[PDB]
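Next come structure tokens for two forms of one protein chain, structure 1 first, structure 2 second.
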Structure 1
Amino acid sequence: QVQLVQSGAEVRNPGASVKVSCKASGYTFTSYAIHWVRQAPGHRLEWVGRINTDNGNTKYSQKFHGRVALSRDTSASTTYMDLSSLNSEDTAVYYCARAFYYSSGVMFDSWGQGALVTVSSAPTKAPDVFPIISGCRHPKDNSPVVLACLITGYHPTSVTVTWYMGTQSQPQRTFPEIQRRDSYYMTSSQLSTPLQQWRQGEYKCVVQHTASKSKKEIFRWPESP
């Protein structure tokens, strides 16, 4: 299958630079050009530029010429966007997309998953993660318990959460992130299926925060206070 997979989220100070990558698979890398497009909060999609993956020729938008560079490594089937002199208006999700020819033009037929670049002066901080539970760890009636993980004190957004029973990913409920009064963020993830009894360590929530290069797993819901 044609696929574009980008690097993870980045945080940078104003005036710094960021390099985002896009690895292509499922087709002959050098046969199709790659475009970069960004999407800020509250703004439309904005074209950044194009790179020919065969010969490395580039075209940039006038808005970004002078502080963007596109490059490619054919041995890695990867293109890179280097954006410098970062400002608060550069906080955005950066996408790569494959250019595909048809009879009377070109379209962007396959898109990477996007990479969030946050431009901020605030310190980066990994989340605290607390196991929370509705009902008691060992219920006194035969009515089920609900597991969740409270994810708090992190910056910037966002986190990614997955639940497992053994090696098997489980359905979850995702909830919006909210900025606390102290400027850090918090969110929650809920294991979707209610439980009655389980072995200690059978279930776990895995919380990834790429901005801090961290992953935290909680696999123990201890006895309540």
Structure 2
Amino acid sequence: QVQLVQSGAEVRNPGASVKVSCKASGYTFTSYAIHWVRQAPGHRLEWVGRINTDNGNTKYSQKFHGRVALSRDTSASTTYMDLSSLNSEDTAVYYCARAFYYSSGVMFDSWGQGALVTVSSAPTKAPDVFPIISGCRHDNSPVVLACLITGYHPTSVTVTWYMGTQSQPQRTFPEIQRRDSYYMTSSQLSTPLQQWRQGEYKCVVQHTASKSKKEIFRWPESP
């Protein structure tokens, strides 16, 4: 059977390099070309290049330009992708596909499992917690309390809201990596607030990676 296997996941610093392999098996390695495709989180798939697995001719995507290089080793039955001068946008999963022919053109009939590459230069840091609020305390519009949790590394955090001593239902939200390789997420108190009490409700943020617990029990008067 036709099967493509790639190297494991890599973690690098900004401006560095990474070399990911793509081992083929089950067919003639020099008969069919190999392409490289990446997909960033929140983006579609992006083509990198095609390498002629026989004479060695390579065609690169114009967007990458001098950043990427595609090599071949026929004896090793493997293709490589070397990407230099990394940055936050290069955090993606990199695939390799085989070019197979059909009656009218070119076809990708086999894809690798993919290799994740993370461009992170973040030390273990505790999160900053800011009290955010929706609505006025001056209207009959309900007030929604939330806590903004940004500037930490690594994942994850653990949030619990409290009214005095009892725990209160909350809403969990995903965590996203920012451009500066730091993470952030939010937590929202579920029940909308009818009245105004001072110091009654509080969000508690726990980040065991830095052995710290940061809690907020006051929402300042609005700007």
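Residues that one form lacks are left out of the comparison. By convention here, residues take numbers in order along the sequence of structure 1, the first being 1. Between two forms, the rigid core is the largest collection of C-alphas that superpose within 1.5 Å.
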Hinge residue among 80, 122, 180, 45 (rigid parts rotating between structure 1 and structure 2): 122
Two rigid parts, two forms: what's the rotation of the smaller one against the larger between structure 1 and structure 2, in °? 100
Give the C-alpha shift of residue 156 between structure 1 and structure 2, in Å, after superposing the two forms on their rigid core. 7.3
Having superposed the rigid core, state how many Å the Cα of residue 190 shifts between structure 1 and structure 2. 28.1
Per-residue C-alpha deviation between structure 1 and structure 2 [residue 68; rigid core superposition; Å]: 0.2
Could you identify the runs between structure 1 and structure 2 where three or more consecutive residues, present in both forms, all have C-alpha shifts of 2 Å or more after superposing the core? 122-138, 141-225
